[PDB]
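Enquirer: just coords:
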């Protein structure tokens, strides 16, 4: 569900925006810088009653000092196919782990 | 991996999510510039993960 | 397809796929449409004492329209590089157009506060003409095309056209088109719009440059069997008597060899230099420009016929109007300095086409005789002759894709001047309008037309998918080609990338001619 907020004076009213959409995609071809596994915050909370904020996505590339190098890549996330979800739509996918040794 | 856990050559893919921009009250005359004005909004819902 | 209020009418598709015969480019953008002219047609005309050349008469309409006609809409700078480096030619085949996730917003301005609320029952009405019954605006290189960078939201441009005029006054033949008069699909929130289109068969664009020139198409090792006049007079040693002699042309004199073809046609240009010191100090922007003349009004020929911009090592100079000039990101409309514009350069055409700033050649003026010396004249403008060959202007990255050949008794070599594909039946225009919603009519009846409407605008997504056909490069050249390469050196910002403020920019024009074919 998508909520529009209107801040006027000190009062802020939060109202349903029914026609707005949210767009979601999973890359699954591994075409983006893979952030996960760097032990960043923003994971689902330990305790199920918690509500959590979704973290922002950003990545790093080649650099010399703070200056970029010609090989540094720029990825536009708007450039991938993504499902657009309005209120009353859902998103799913399933995944199968490749064969991996047991943890001891 | 060094931090511990399972090295995966093809790990679980990333799921990226965005609020689609909604412009706010464009001018009546045409302007080729990009919009600096949007409706302020956020979204919420539930997420469910099942691992075997 | 008709969904509810809460269902999404279509998914975001922005993609590029390469099947190696074909590439299919898809792009999706977000648009915002206001209400133009307060829901009413108007006539517009040249203002007051405007010069004879500037008079116009036409109409502005409430309708907006969509134009994807620029290449960079469809191609990313990297997608453009696979095509430009690896291919001799490309043309479009069929395209598809889809509108979805429409939503209409009413805005209420009271005091300083303005609240924007969903209007669920309002509609948007859209039609594509497809019979070409309207003035065709596209292909005039107007702004308002889909943005280059997919994260941008763009305003939909207003639709207007021009007709016959005398001064600013209309002529009896001038036509008035009411866009309300065509069948149009009306879209409420939860409806979508689609159509598909198939390009008529068109010649490939040539993305290749020649490795030979017309002047030098022959074996240097072997002499011709055809004589020319090597000399016209022989000395007696007191004086030179007139005796005419002949020679077979060979490696020694190449310029005299009999040649079987001619360069393309020229319409001459004035030459200006990028270094501010070399240019003359006078106002010749107009009085010195090259022009054509219709119905008593001159018009600058900005694009011109396709010509090389400069000869060897002239890179400083460029034709006055003869090139396409793009502005850098954040450039003002008027009187902007040379550093802001990006000037394209056609020099890859030197082989088959004349330099735009110099004459086609020289021509004998008079008949010589013993008592009078022969004389010649310069030909500054040359129409087509039998046995002439030429190359068309290059399309670049941000140039237009196509244009509509006017419907006329005859036309020669329909390829457009700005570059791109001449299409007799181009992609139709898609026009879009916010349906008027009256506001609180009076309780008593009045036959007058409503001056009061709810103020509202609409927004949604638009998706364009074009299928392109590729012509692969098969060549026996031993040594490496020239490729388009992003420079390896370090920089503050990356080319074709957002800056620290989020402003996307294109550093240079990218034209499509790199790979080399022999002539």
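Expert: Perfect, I can see it now. Numbering: from 1, shown residues only, chains lettered A, B, ... in the order given.
Enquirer: Residue A:36 touches residue B:15, doesn't it?
Expert: No. The criterion here is C-beta atoms under 8 Å, and residue A:36 misses it with residue B:15 at 10.0 Å. Backbone N, C-alpha and C define where each C-beta goes, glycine included.
Enquirer: Neighbour count for the two, which is higher?
Expert: residue B:15 (15 against 11; other C-beta atoms under 10 Å in any protein chain shown).
Enquirer: Contacts only, for the more buried one.
Expert: Residue B:15 makes contact with A:24-26, according to C-beta atoms under 8 Å, 6 or more residues apart in numbering or on different chains.
Enquirer: Put together TSV for these, with secondary structure on each row.
Expert: Output for these, formatted as TSV (DSSP: H, G, I helix; E, B strand; the rest coil):
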residue	secondary structure
A:24	strand
A:25	strand
A:26	strand
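Enquirer: Would it be right to say that residue A:23 lies in a strand?
Expert: Yes. The assignment for residue A:23 is a strand, going by three-state DSSP.
Enquirer: Next, give phi and psi for residue A:47.
Expert: phi -110, psi 120 (degrees, to the nearest 10).
Enquirer: An error on my part: the question was meant for residue A:77.
Expert: phi -70, psi -20.
Enquirer: now residue A:75
Expert: Residue torsions, per degrees, to the nearest 10, at residue A:75 are phi -110, psi 130.
Enquirer: all strands of chain A, in order?
Expert: Remark: strands assigned in chain A by DSSP state E are A:2-8, A:11-16, A:21-26, A:63-64, A:67-68, A:83-86.
Enquirer: Could you figure out how far the third one is turned away from strand C:456-472?
Expert: Counting by axes from the mean of the first three to the mean of the last three C-alpha atoms, to 10 degrees, strand A:21-26 points 30 degrees away from the direction of strand C:456-472.
Enquirer: Quickly run through the sheet partners of strand A:21-26, with directions.
Expert: If you go by DSSP bridges, strand A:21-26 pairs up with strand A:83-86 (antiparallel), strand B:15-19 (antiparallel).
Enquirer: Tell me the gap between the first one and the middle of its chain.
Expert: Shown here is strand A:83-86, whose average C-alpha point lies 14 Å from the average C-alpha point of the whole chain (C-alpha atoms, centre = their mean, to the nearest Å).
Enquirer: same check, this time on stretch A:12-22
Expert: Worked out by C-alpha atoms, centre = their mean, stretch A:12-22 lies 20 Å from the chain centre.
Enquirer: partners of residue A:67 in the sheet?
Expert: With DSSP bridges applied, residue A:67 shows beta-bridge pairing to residue A:64.
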